[PDB]
Amino acid sequence: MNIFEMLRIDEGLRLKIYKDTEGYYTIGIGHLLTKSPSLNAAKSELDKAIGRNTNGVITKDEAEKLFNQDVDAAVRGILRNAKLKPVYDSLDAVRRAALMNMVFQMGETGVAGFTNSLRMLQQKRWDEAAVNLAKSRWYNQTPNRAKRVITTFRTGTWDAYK
Ligand SMILES: [Cl-]
Ligand SMILES: [Cl-]
C-alpha cells in the first residue's frame, strides 16, 4: 500500500464532474474544481486544467495525471509549511502518508490548524492524538474516512485499508 492507493480508495475515481461531500464541483480522484455554485465556472476550470474543451468529461489517463499533480503539490505544501514540515519530518513512512491524506483533503491551511493534534503527533503520543483528532468537524462530517486516517496514525500500519 502507498499514498496513491490509499487516496484512490478514499476518494474514488469519477470521470464526469460531480459534487463532493461539501457539494463542490469535482472530478477525477478528488480533484476540486471550484467552490463556486456555477457549473459553467466548473467546466471552465476543468478545461483550463486539462488543456482542451472537455465538455465536463475526461479520460482515465487525464484523471491520473491530475492526481499525480495533486499529490506532488501536497508534499510540497507540507514541506513549505512551517507548522507542518517539522511534523512530517518526525514521522515514519506510513504515518507521513496519513498526514498527506489529510492535506490532500482539507488543504495545508486546514491541517495546520490542528495545532494540538500536531503537537501530539510530534511527541509520538499516538492514542492521545487519535482522540484529539476525532474532536473535529472533519471527523463528524466524514467519519469513516477520518476513522481510517486516525487508525493509521494510531497504529503506524495500513490495517484500516486492508
Ligand atoms: Cl490544476
Ligand atoms: Cl466518510
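Even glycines carry a Cβ here, placed using N, Cα and C.
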Can you pick which of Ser90, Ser117 Swiss-Prot lists for the same substrate site as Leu32, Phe104, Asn132?
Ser117
List the Cα distance (Å, whole number) between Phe104 (substrate binding site) and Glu11 (active site, proton donor/acceptor).
10
Using Cβ-Cβ distances, find the residues under 8 Å from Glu11 (active site, proton donor/acceptor) that belong to the same chain and are at least 6 apart in sequence, listing them in sequence order.
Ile29, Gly30
Expressed to the nearest Å, what is the distance separating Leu32 (substrate binding site) and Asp20 (active site, proton donor/acceptor) at their Cα atoms?
8
Helix, strand or coil: which one is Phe104 (substrate binding site) in, per DSSP?
helix
Cα-Cα distance linking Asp20 (active site, proton donor/acceptor) and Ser117 (substrate binding site), given in Å to the nearest integer
26
